[PDB]
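K.L.:
Just passing along the structure, written as structure tokens.
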Amino acid sequence: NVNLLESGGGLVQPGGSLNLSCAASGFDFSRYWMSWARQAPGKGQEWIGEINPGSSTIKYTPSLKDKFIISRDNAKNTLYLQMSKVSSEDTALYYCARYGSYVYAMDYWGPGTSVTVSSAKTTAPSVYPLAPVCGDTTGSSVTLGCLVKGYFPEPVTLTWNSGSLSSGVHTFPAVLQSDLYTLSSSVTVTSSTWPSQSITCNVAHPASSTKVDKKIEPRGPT
Amino acid sequence: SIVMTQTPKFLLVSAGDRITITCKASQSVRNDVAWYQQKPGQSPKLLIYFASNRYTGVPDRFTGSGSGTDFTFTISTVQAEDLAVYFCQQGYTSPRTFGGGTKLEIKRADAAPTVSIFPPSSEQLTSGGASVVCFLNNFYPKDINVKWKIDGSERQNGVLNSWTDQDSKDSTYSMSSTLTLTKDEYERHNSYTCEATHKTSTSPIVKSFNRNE
Ligand SMILES: *[C@@H]1O[C@H](CO)[C@@H](O[C@@H]2O[C@H](CO)[C@@H](O)[C@H](O)[C@H]2NC(C)=O)[C@H](O)[C@H]1NC(C)=O
């Protein structure tokens, strides 16, 4: 049951260094070629490089051959990427991928690990529950919000009720404002569900070790 | 270093239609072309390899063809779930480079936005900032315009909008708008309006509230 998980992403200063890793399972890692690619905000995919099972062949896209180093340890089922002398051109989502047998084509892709190259500082999000307008009127459904404001860098993760509320959810792309990201999410449930049952949004910001929950309840006195 | 030129960049098409995407390589690359789909939120999955072969599990609707410098990718009968970005790759030689991609979106019946407005959270005003949030969910087509009105006057500073990609569940779009004021700006006025204009209606959709109620 093939799987890949990329790690090591995060914020790094311009000029600096950072080591990504990728943990593979579900296949004989020592039998397959492996590679890396990346995707910058708003742009196409880009091939970074490849490595054969024996590490005897390693190739790079020309612009990266002297910054980036690719390596692997078959004993640990792990692929590595050493990034050095980074600039903002390197801010992107980083994917590791397996090459299919007998093809130079990427068979399976990991979820990716986000890398940000920046002089700006890590900042934890503020998280705000949004309840409907005070004068509650009966409609068939009701819509709630969760606002995640002023964090850096990407990513933040947001769920409702620890993921067991998945339908009727809309989580919007974050937007940047003077070195700080803001994000929001809406969930729509039928009115016999809320407020009779509770609805909580759960936010994680790994870069700042933030794990914060907000329970959503009608506006008014307590 | 070989360039892969992919056209068109964008495709809007109806369910059932056939579409064809074209990739042109700056030099001969034999038969060594692969095609990928990248659904929203998800990592690429491989569809076609060596120009014309379907990877394991890939449905019949998907086909490819081409040799030398001209390559095509075809979906015979487009389905909503096929909403994704599609891109090519040559793997003839290193660097094994990608085409720019084609975005695929699907037609459906026109749908009016469901609109909801939100006064600043109780938990926020203490920090000295105030955010009024408006959700515009599940509409089609994708072009929509939002005006913020404060006590009758349109307000344009401090507005941030964000858009979801099209949803493959119902082929719709959603949008979020946020007005950012200092707490002081917010406390000086009483009524806040969120105003949606969309071709599905001749009058804007207005959701509104009063600061004390
Ligand atoms: C990234 O990984 C590299 C390679 O594993 C690290 O550099 C090695 O560090 C050892 C110390 O255990 C040295 O003896 C080697 O000479 C280093 N090798 C190379 C090629 O430089 C490096 O420390 C890691 N960097 C970060 C930021 O974690």
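Chain identifiers are assigned as A, B, and so on, following the order in which chains appear in the structure tokens; residues are numbered from 1 within each chain, and ligands are numbered from 1 in order of appearance.
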Around ligand 1, which protein and nucleic acid residues have at least one atom no more than 7 Å from it, if we count only C-alpha atoms and all ligand atoms? List them as a VMD selection string.

P.N.:
chain A and resid 17 to 19 82

K.L.:
Just the selected residues (N, CA, C and O atoms), exported as a PDB file, in the first residue's frame, please.

P.N.:
ATOM      1  N   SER A  17      20.089  27.260   4.983  1.00  0.00           N
ATOM      2  CA  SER A  17      20.085  25.849   4.641  1.00  0.00           C
ATOM      3  C   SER A  17      18.954  25.107   5.333  1.00  0.00           C
ATOM      4  O   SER A  17      18.508  25.510   6.402  1.00  0.00           O
ATOM      5  N   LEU A  18      18.524  24.006   4.726  1.00  0.00           N
ATOM      6  CA  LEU A  18      17.362  23.265   5.198  1.00  0.00           C
ATOM      7  C   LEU A  18      17.339  21.868   4.587  1.00  0.00           C
ATOM      8  O   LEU A  18      17.521  21.719   3.377  1.00  0.00           O
ATOM      9  N   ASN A  19      17.098  20.853   5.413  1.00  0.00           N
ATOM     10  CA  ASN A  19      17.079  19.471   4.943  1.00  0.00           C
ATOM     11  C   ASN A  19      15.676  18.863   4.978  1.00  0.00           C
ATOM     12  O   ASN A  19      15.099  18.673   6.055  1.00  0.00           O
ATOM     13  N   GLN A  82      19.024  18.245   0.485  1.00  0.00           N
ATOM     14  CA  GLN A  82      19.736  19.298   1.184  1.00  0.00           C
ATOM     15  C   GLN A  82      19.673  20.576   0.363  1.00  0.00           C
ATOM     16  O   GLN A  82      20.197  20.649  -0.745  1.00  0.00           O
TER      17      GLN A  82
END

K.L.:
Segment 173-184 of chain A: which residues within 10 Å, counting only C-alpha atoms, same-chain residues fewer than 5 positions away excluded, as JSON, numbers by chain?

P.N.:
{"A": [118, 119, 120, 121, 122, 123, 124, 125, 126, 127, 128, 130, 145, 146, 147, 148, 149, 150, 151, 152, 153, 154, 155, 156, 158], "B": [133, 135, 160, 161, 162, 163, 164, 165, 175, 176, 177, 178]}

K.L.:
Emit the selected residues as a compact mmCIF listing (two decimals), in the first residue's frame, including N, CA, C and O atoms.

P.N.:
# COMPACT_ATOMS: atom_id res chain seq x y z
N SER A 118 12.33 33.50 3.88
CA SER A 118 11.94 34.83 4.32
C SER A 118 12.66 35.33 5.57
O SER A 118 12.98 34.58 6.49
N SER A 119 12.90 36.63 5.58
CA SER A 119 13.49 37.32 6.70
C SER A 119 12.49 37.62 7.84
O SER A 119 12.88 37.95 8.95
N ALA A 120 11.19 37.53 7.53
CA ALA A 120 10.13 37.87 8.47
C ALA A 120 10.01 36.78 9.54
O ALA A 120 10.54 35.68 9.37
N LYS A 121 9.30 37.07 10.63
CA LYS A 121 9.34 36.20 11.81
C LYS A 121 8.09 35.36 12.04
O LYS A 121 6.96 35.76 11.73
N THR A 122 8.29 34.17 12.58
CA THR A 122 7.17 33.29 12.91
C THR A 122 6.18 33.97 13.87
O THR A 122 6.58 34.57 14.87
N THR A 123 4.91 33.90 13.53
CA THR A 123 3.81 34.51 14.29
C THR A 123 2.62 33.55 14.39
O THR A 123 2.17 32.99 13.39
N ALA A 124 2.13 33.34 15.61
CA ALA A 124 0.99 32.47 15.83
C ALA A 124 -0.34 33.14 15.40
O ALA A 124 -0.51 34.36 15.54
N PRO A 125 -1.30 32.34 14.90
CA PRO A 125 -2.57 32.92 14.45
C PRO A 125 -3.45 33.36 15.61
O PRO A 125 -3.32 32.85 16.71
N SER A 126 -4.32 34.34 15.38
CA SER A 126 -5.46 34.55 16.27
C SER A 126 -6.60 33.75 15.68
O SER A 126 -6.75 33.71 14.46
N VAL A 127 -7.40 33.12 16.50
CA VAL A 127 -8.53 32.35 15.98
C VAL A 127 -9.86 32.85 16.55
O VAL A 127 -10.05 32.86 17.77
N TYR A 128 -10.77 33.25 15.67
CA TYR A 128 -12.05 33.82 16.11
C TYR A 128 -13.31 33.07 15.66
O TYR A 128 -13.55 32.92 14.47
N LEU A 130 -17.07 32.75 14.65
CA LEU A 130 -18.06 33.64 14.05
C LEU A 130 -19.42 33.02 14.14
O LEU A 130 -19.66 31.97 13.55
N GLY A 145 -18.78 30.50 10.96
CA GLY A 145 -17.48 30.80 10.40
C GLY A 145 -16.37 30.59 11.39
O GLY A 145 -16.58 30.50 12.60
N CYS A 146 -15.16 30.47 10.88
CA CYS A 146 -14.01 30.47 11.74
C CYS A 146 -13.01 31.36 11.05
O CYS A 146 -12.78 31.18 9.86
N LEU A 147 -12.46 32.34 11.76
CA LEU A 147 -11.51 33.27 11.17
C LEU A 147 -10.13 33.07 11.77
O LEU A 147 -9.97 33.08 13.00
N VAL A 148 -9.13 32.87 10.92
CA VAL A 148 -7.74 32.65 11.35
C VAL A 148 -6.82 33.76 10.84
O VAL A 148 -6.46 33.79 9.67
N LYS A 149 -6.45 34.68 11.72
CA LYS A 149 -5.86 35.94 11.32
C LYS A 149 -4.44 36.15 11.84
O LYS A 149 -4.13 35.86 13.00
N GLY A 150 -3.57 36.66 10.96
CA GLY A 150 -2.24 37.14 11.34
C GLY A 150 -1.17 36.13 11.74
O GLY A 150 -0.53 36.30 12.77
N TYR A 151 -0.96 35.10 10.92
CA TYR A 151 0.07 34.09 11.22
C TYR A 151 1.14 34.05 10.14
O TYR A 151 0.93 34.59 9.06
N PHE A 152 2.27 33.43 10.44
CA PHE A 152 3.36 33.30 9.46
C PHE A 152 4.35 32.26 9.92
O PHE A 152 4.65 32.19 11.10
N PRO A 153 4.81 31.40 9.01
CA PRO A 153 4.36 31.33 7.61
C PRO A 153 3.24 30.33 7.42
O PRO A 153 2.65 29.89 8.40
N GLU A 154 2.97 29.99 6.17
CA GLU A 154 2.12 28.87 5.79
C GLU A 154 2.79 27.55 6.16
O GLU A 154 4.01 27.48 6.21
N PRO A 155 2.01 26.49 6.38
CA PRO A 155 0.55 26.42 6.34
C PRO A 155 -0.13 26.46 7.70
O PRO A 155 0.50 26.33 8.75
N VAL A 156 -1.44 26.60 7.66
CA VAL A 156 -2.27 26.40 8.83
C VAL A 156 -3.21 25.27 8.45
O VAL A 156 -3.50 25.11 7.28
N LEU A 158 -7.09 23.58 9.21
CA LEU A 158 -8.37 23.85 9.86
C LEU A 158 -9.39 22.74 9.62
O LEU A 158 -9.63 22.34 8.50
N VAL B 133 -17.00 39.74 8.33
CA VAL B 133 -16.81 38.69 7.33
C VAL B 133 -18.12 38.40 6.60
O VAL B 133 -19.18 38.30 7.21
N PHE B 135 -19.69 35.59 3.67
CA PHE B 135 -19.55 34.38 2.86
C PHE B 135 -20.53 34.36 1.71
O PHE B 135 -21.71 34.64 1.88
N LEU B 160 -10.45 42.29 1.70
CA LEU B 160 -9.73 41.13 1.19
C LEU B 160 -10.68 40.02 0.79
O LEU B 160 -11.55 39.61 1.56
N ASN B 161 -10.50 39.54 -0.43
CA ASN B 161 -11.33 38.51 -0.99
C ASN B 161 -10.50 37.26 -1.24
O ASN B 161 -9.30 37.34 -1.45
N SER B 162 -11.14 36.10 -1.18
CA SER B 162 -10.45 34.85 -1.43
C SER B 162 -11.45 33.95 -2.11
O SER B 162 -12.62 34.00 -1.77
N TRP B 163 -11.00 33.11 -3.04
CA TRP B 163 -11.92 32.30 -3.82
C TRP B 163 -11.55 30.86 -3.74
O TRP B 163 -10.39 30.51 -3.82
N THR B 164 -12.54 30.00 -3.57
CA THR B 164 -12.27 28.59 -3.71
C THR B 164 -12.17 28.22 -5.18
O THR B 164 -12.75 28.90 -6.03
N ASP B 165 -11.44 27.15 -5.46
CA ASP B 165 -11.55 26.48 -6.75
C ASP B 165 -12.94 25.91 -6.92
O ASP B 165 -13.68 25.75 -5.95
N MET B 175 -16.88 32.26 -2.31
CA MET B 175 -16.03 33.40 -2.09
C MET B 175 -16.19 33.93 -0.69
O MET B 175 -17.29 33.89 -0.12
N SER B 176 -15.09 34.42 -0.14
CA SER B 176 -15.08 35.01 1.18
C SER B 176 -14.54 36.42 1.10
O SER B 176 -13.54 36.65 0.46
N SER B 177 -15.24 37.36 1.73
CA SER B 177 -14.82 38.77 1.80
C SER B 177 -14.69 39.24 3.24
O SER B 177 -15.53 38.90 4.07
N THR B 178 -13.64 40.00 3.54
CA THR B 178 -13.38 40.50 4.89
C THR B 178 -13.01 41.98 4.91
O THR B 178 -12.01 42.39 4.31

K.L.:
Any chance you could list, as an MDAnalysis selection string, the residues in chain B that come up strand (DSSP E) when DSSP is run on the backbone?

P.N.:
chainID B and resid 4:7 10:13 19:25 33:38 45:49 53:54 62:67 70:75 84:90 102:106 114:118 129:139 145:150 153:155 159:163 173:182 191:197 205:210

K.L.:
Pull C-alpha atoms from the residues just selected and write them as an mmCIF file, in the first residue's frame.

P.N.:
data_model
loop_
_atom_site.group_PDB
_atom_site.id
_atom_site.type_symbol
_atom_site.label_atom_id
_atom_site.label_comp_id
_atom_site.auth_asym_id
_atom_site.auth_seq_id
_atom_site.Cartn_x
_atom_site.Cartn_y
_atom_site.Cartn_z
ATOM 1 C CA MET B 4 7.299 21.963 -23.185
ATOM 2 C CA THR B 5 4.636 24.355 -24.437
ATOM 3 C CA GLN B 6 1.158 23.485 -23.326
ATOM 4 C CA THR B 7 -2.097 24.857 -24.779
ATOM 5 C CA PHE B 10 -7.701 27.335 -19.765
ATOM 6 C CA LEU B 11 -10.702 25.259 -20.837
ATOM 7 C CA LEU B 12 -14.344 25.679 -19.879
ATOM 8 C CA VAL B 13 -16.445 22.915 -21.133
ATOM 9 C CA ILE B 19 -11.422 18.124 -25.014
ATOM 10 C CA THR B 20 -7.910 17.982 -26.426
ATOM 11 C CA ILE B 21 -4.807 19.475 -24.882
ATOM 12 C CA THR B 22 -1.640 20.017 -26.885
ATOM 13 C CA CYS B 23 1.979 19.892 -25.787
ATOM 14 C CA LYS B 24 4.837 21.028 -28.035
ATOM 15 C CA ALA B 25 8.488 20.210 -27.276
ATOM 16 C CA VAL B 33 5.914 12.039 -22.782
ATOM 17 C CA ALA B 34 3.841 11.646 -19.624
ATOM 18 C CA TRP B 35 0.586 13.347 -18.539
ATOM 19 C CA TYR B 36 -0.536 14.193 -14.997
ATOM 20 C CA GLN B 37 -3.726 15.396 -13.334
ATOM 21 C CA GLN B 38 -3.657 17.475 -10.182
ATOM 22 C CA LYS B 45 -1.595 11.365 -10.230
ATOM 23 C CA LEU B 46 -0.073 9.837 -13.390
ATOM 24 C CA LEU B 47 -2.461 9.168 -16.308
ATOM 25 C CA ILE B 48 -0.562 8.703 -19.549
ATOM 26 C CA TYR B 49 3.025 7.592 -20.051
ATOM 27 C CA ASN B 53 -0.360 4.299 -22.495
ATOM 28 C CA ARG B 54 -2.874 4.458 -19.669
ATOM 29 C CA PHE B 62 -8.263 9.166 -21.008
ATOM 30 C CA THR B 63 -6.068 8.865 -24.057
ATOM 31 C CA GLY B 64 -2.886 10.219 -25.476
ATOM 32 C CA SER B 65 -1.000 10.282 -28.718
ATOM 33 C CA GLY B 66 1.999 11.917 -30.272
ATOM 34 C CA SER B 67 5.568 11.532 -31.380
ATOM 35 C CA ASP B 70 3.721 17.069 -31.076
ATOM 36 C CA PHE B 71 1.703 15.392 -28.317
ATOM 37 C CA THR B 72 -1.915 15.394 -27.348
ATOM 38 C CA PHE B 73 -3.992 14.406 -24.393
ATOM 39 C CA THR B 74 -7.655 13.667 -24.712
ATOM 40 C CA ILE B 75 -10.658 13.215 -22.495
ATOM 41 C CA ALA B 84 -8.284 19.429 -12.214
ATOM 42 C CA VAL B 85 -5.148 21.024 -13.628
ATOM 43 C CA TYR B 86 -3.503 18.880 -16.364
ATOM 44 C CA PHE B 87 0.180 19.093 -17.275
ATOM 45 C CA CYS B 88 2.674 17.230 -19.487
ATOM 46 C CA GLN B 89 6.274 16.135 -19.053
ATOM 47 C CA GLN B 90 9.051 14.941 -21.330
ATOM 48 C CA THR B 102 -4.113 23.556 -18.453
ATOM 49 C CA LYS B 103 -6.913 24.352 -16.027
ATOM 50 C CA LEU B 104 -10.162 22.513 -16.616
ATOM 51 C CA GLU B 105 -13.516 23.818 -15.377
ATOM 52 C CA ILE B 106 -17.054 22.558 -16.026
ATOM 53 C CA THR B 114 -26.110 31.844 -0.629
ATOM 54 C CA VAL B 115 -24.959 34.873 1.362
ATOM 55 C CA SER B 116 -24.239 35.267 5.114
ATOM 56 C CA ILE B 117 -22.728 38.234 7.016
ATOM 57 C CA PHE B 118 -20.875 38.154 10.332
ATOM 58 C CA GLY B 129 -9.235 45.332 15.643
ATOM 59 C CA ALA B 130 -12.563 44.546 13.972
ATOM 60 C CA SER B 131 -13.245 42.176 11.055
ATOM 61 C CA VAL B 132 -16.610 41.900 9.329
ATOM 62 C CA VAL B 133 -16.810 38.693 7.333
ATOM 63 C CA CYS B 134 -19.119 37.841 4.433
ATOM 64 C CA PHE B 135 -19.547 34.383 2.863
ATOM 65 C CA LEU B 136 -20.836 33.907 -0.676
ATOM 66 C CA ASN B 137 -21.252 30.184 -1.142
ATOM 67 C CA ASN B 138 -22.281 27.816 -3.969
ATOM 68 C CA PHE B 139 -22.860 29.940 -7.042
ATOM 69 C CA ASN B 145 -18.837 41.345 -7.301
ATOM 70 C CA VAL B 146 -19.015 42.421 -3.662
ATOM 71 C CA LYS B 147 -19.602 45.968 -2.309
ATOM 72 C CA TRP B 148 -19.262 46.918 1.335
ATOM 73 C CA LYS B 149 -21.557 49.658 2.511
ATOM 74 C CA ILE B 150 -21.216 51.435 5.833
ATOM 75 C CA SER B 153 -21.456 54.739 1.772
ATOM 76 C CA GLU B 154 -19.538 52.144 -0.221
ATOM 77 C CA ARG B 155 -16.267 51.236 1.472
ATOM 78 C CA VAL B 159 -11.248 44.575 1.772
ATOM 79 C CA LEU B 160 -9.728 41.126 1.185
ATOM 80 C CA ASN B 161 -11.335 38.509 -0.985
ATOM 81 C CA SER B 162 -10.452 34.849 -1.433
ATOM 82 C CA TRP B 163 -11.924 32.296 -3.817
ATOM 83 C CA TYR B 173 -17.705 28.368 -6.517
ATOM 84 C CA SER B 174 -17.516 30.124 -3.208
ATOM 85 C CA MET B 175 -16.027 33.403 -2.094
ATOM 86 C CA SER B 176 -15.081 35.011 1.184
ATOM 87 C CA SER B 177 -14.822 38.765 1.802
ATOM 88 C CA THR B 178 -13.384 40.503 4.891
ATOM 89 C CA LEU B 179 -13.526 44.162 5.851
ATOM 90 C CA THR B 180 -10.824 45.152 8.353
ATOM 91 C CA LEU B 181 -11.369 48.213 10.517
ATOM 92 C CA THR B 182 -9.837 49.413 13.735
ATOM 93 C CA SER B 191 -25.064 49.488 9.939
ATOM 94 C CA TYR B 192 -22.844 47.212 7.835
ATOM 95 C CA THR B 193 -23.883 45.861 4.452
ATOM 96 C CA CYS B 194 -22.612 42.985 2.344
ATOM 97 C CA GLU B 195 -23.790 43.307 -1.259
ATOM 98 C CA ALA B 196 -23.587 40.614 -3.958
ATOM 99 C CA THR B 197 -24.070 41.239 -7.669
ATOM 100 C CA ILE B 205 -28.338 40.306 -2.809
ATOM 101 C CA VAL B 206 -28.147 42.309 0.419
ATOM 102 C CA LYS B 207 -27.324 40.878 3.832
ATOM 103 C CA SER B 208 -27.043 43.474 6.502
ATOM 104 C CA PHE B 209 -26.854 44.162 10.237
ATOM 105 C CA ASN B 210 -26.837 46.768 13.016
#

K.L.:
Expressed in Å to a single decimal, how great is the separation between atom CA of residue 212 of chain A and atom CA of residue 183 of chain B?

P.N.:
23.8 Å

K.L.:
Report the distance between atom CA of residue 203 of chain A and atom CA of residue 121 of chain B in Å, rounded to one decimal place.

P.N.:
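Result for atom CA of residue 203 of chain A versus atom CA of residue 121 of chain B: 16.3 Å, one decimal.
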
K.L.:
Would you list the contacts of residue 53 of chain A as a list in words, taking every protein, DNA or RNA residue within 6 Å and counting only C-alpha atoms, but skipping same-chain residues closer than 2 positions in sequence?

P.N.:
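Selected residues are residues 30, 31, 32, 33 and 55 of chain A.
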
K.L.:
What's the 7 Å shell around residue 10 of chain A, counting only C-alpha atoms, without same-chain residues fewer than 6 positions away, as a ChimeraX atom specification?

P.N.:
/A:114-116,207

K.L.:
Output C-alpha atoms for every residue in that selection, as a tab-separated table (two decimals), in the first residue's frame.

P.N.:
chain	number	residue	atom	x	y	z
A	114	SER	CA	5.89	23.62	2.36
A	115	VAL	CA	9.10	25.68	2.38
A	116	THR	CA	9.16	29.49	2.85
A	207	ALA	CA	5.67	26.40	12.69

K.L.:
Could you tell me how far atom CA of residue 106 of chain A lies from atom CA of residue 8 of chain A, in Å and to one decimal?

P.N.:
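Between atom CA of residue 106 of chain A and atom CA of residue 8 of chain A the gap works out to 21.5 Å.
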
K.L.:
Determine the nearest neighbour of residue 113 of chain B from the options B:157, B:190, B:28, B:201, counting only C-alpha atoms.

P.N.:
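Going through B:157, B:190, B:28, B:201 one by one, the smallest distance to residue 113 of chain B is for B:201.
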
K.L.:
For chain A, which residue out of B:94, B:156, B:203, B:172 is the nearest one, using only C-alpha atoms?

P.N.:
B:94

K.L.:
Neighbours of residue 99 of chain A within 10 Å (only C-alpha atoms; same-chain residues fewer than 2 positions away dropped), as a PyMOL selection string?

P.N.:
chain A and resi 32-35+50-52+97+101-109

K.L.:
For the selection just defined, write its residues with C-alpha atoms to a file, as a PDB file, in the first residue's frame.

P.N.:
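This went into result05.pdb:
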ATOM      1  CA  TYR A  32      12.917   2.177  -7.344  1.00  0.00           C
ATOM      2  CA  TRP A  33      14.329   5.421  -8.709  1.00  0.00           C
ATOM      3  CA  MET A  34      13.156   8.436  -6.671  1.00  0.00           C
ATOM      4  CA  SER A  35      12.898  12.144  -7.448  1.00  0.00           C
ATOM      5  CA  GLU A  50      16.352  12.241  -9.545  1.00  0.00           C
ATOM      6  CA  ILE A  51      18.432   9.413  -7.961  1.00  0.00           C
ATOM      7  CA  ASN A  52      18.765   5.728  -8.949  1.00  0.00           C
ATOM      8  CA  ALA A  97       7.904  11.126  -6.027  1.00  0.00           C
ATOM      9  CA  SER A 101       9.090   0.740 -13.077  1.00  0.00           C
ATOM     10  CA  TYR A 102      10.843   1.129 -16.434  1.00  0.00           C
ATOM     11  CA  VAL A 103       9.759   4.732 -16.900  1.00  0.00           C
ATOM     12  CA  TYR A 104      11.208   8.103 -16.118  1.00  0.00           C
ATOM     13  CA  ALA A 105       7.702   9.150 -15.040  1.00  0.00           C
ATOM     14  CA  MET A 106       6.556   9.887 -11.515  1.00  0.00           C
ATOM     15  CA  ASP A 107       4.407   7.025 -10.359  1.00  0.00           C
ATOM     16  CA  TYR A 108       3.317   8.223  -6.946  1.00  0.00           C
ATOM     17  CA  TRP A 109       3.587  11.668  -5.366  1.00  0.00           C
TER      18      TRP A 109
END

K.L.:
In terms of the shortest atom-to-atom distance over only C-alpha atoms, which of A:16, A:218, A:111, A:26 is closest to chain B?

P.N.:
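Closest to chain B, using only C-alpha atoms: A:111.
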
K.L.:
If we count only C-alpha atoms, what is near segment 1-4 of chain A at a cut-off of 7 Å, once residues fewer than 4 positions away on the same chain are taken out, given as number ranges by chain?

P.N.:
A: 22-27, 110
